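Below you'll find only one chain, the form deposited in one PDB entry, shown as C-alpha cells.
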C-alpha cells in the first residue's frame, strides 16, 4: 500500500476510523492522515465522503483552514497539514480543570481568526456546518478550521446537520435560506466554550433557551461590547447575526487586527 511505503506512522491521534501522525519518508515532514472504510461506489455515503475531498481541494490557500496535500483509495485516505498544538477542545478541557480559561484578548483573537477562515470558506460559496472546538486545530498561536466532512455549497437544498451542541434552530427546522449564519452561531458557542462555560447541552430545556438567543453562563467578566457581539451571533433570526465579513471588520475586534 501507498500509505505504508510513503509514510512512517508515528502515533494515533484520532479514533471514530483513525487519524495518525505520520512522517512522509521522502520529504521528511509530519502530516495528519485520516483512514476511513471506503464507502460503496455510487452511494450517498460516497458522495458525502467525496465532498470533503472536493472541499479540501478548493480550500487550500488559507491561513486558517487546515491545508490538504493528498487523498487516495477498501480504505479512503486523506493527508492533511499536521497541527502541533492539538485541538481547541483539548485546550478547553485542560483550562476547565485548572480554572484558568481564555481571557478576553484571546477570545477576540480566536473569534477573529476563525471568522477569517469562515469568510474565506463562505466566499467560496461553501459552508462548513460543523464548527465546534474539536474541529478547530492549533499551530503567536494560529487557529485553523479542519474536518470538512459536513461542508456543503451555500444554496444546497439538503444538508447533513453538524453537532447538536452547536446547531442553529433554523437548521434543525430544515430551513437553509441563511446557511452561512449557522457557522456564525456555532463560532459564538465555540468562543463561549473557550471562555470557560459548562459543557453545552445537546437537547432539552437548556438547549432551547440558548436558541432563544441567551448566552450560557461565562465564568469571567467580559466587556459589554464583546458580550453583546457574542449574543447577536446567537440571535434567533439568522439575518440579525453578522456575516463573516461583518464579523472580521467589527469594531469590537479592531484591537485584535
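Just so we're on the same page, rigid core means the largest C-alpha set that superposes within 1.5 Å between forms. Positions refer to the first chain, counted from 1.
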*asked:* Gap size between residue 125 and residue 126, counting deposited residues with no coordinates: none, 1 to 3, 4 to 9, or 10 or more?
replied: none
_Does the chain run continuously from residue 16 to residue 17, or are deposited residues unmodelled in between? Answer none, 1 to 3, 4 to 9, or 10 or more._
1 to 3
*Record-listed C-alpha B factor of residue 158: chain third*: highest
*Could you look up the Cα B-factor of residue 141 in the entry and say which third of the chain it sits in: lowest, middle or highest?*
highest
*Can you work out whether the C-alpha temperature factor of residue 177 puts it in the lowest, middle or highest third of the chain?*
highest
*Please rank the C-alpha B-factors of the chain's modelled residues and tell me whether residue 77 sits in the lowest, middle or highest third.*
middle
*Sorting the chain's CA B-factors, does residue 234 end up in the lowest, middle or highest third?*
middle
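There is another form of this protein, the form deposited in another entry, and it is not shown here; the text below is about that form.
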*Report the residue, chosen from 220, 43, 206, 63, for which the CA moves 2 Å or more between this form and the one not shown after the rigid core is overlaid.*
43
*Core aligned, does the CA of residue 100 move at least 2 Å between this form and the one not shown?*
yes
*Cα of residue 156 displaced 2 Å or more between this form and the one not shown, core superposed?*
yes
_Cα separation of residue 157 and residue 127 in the other form versus here, shift of 3 Å or more_ = closer
*Are residue 57 and residue 84 closer or farther apart at the Cα level in the other form than shown, by 3 Å or more?*
farther
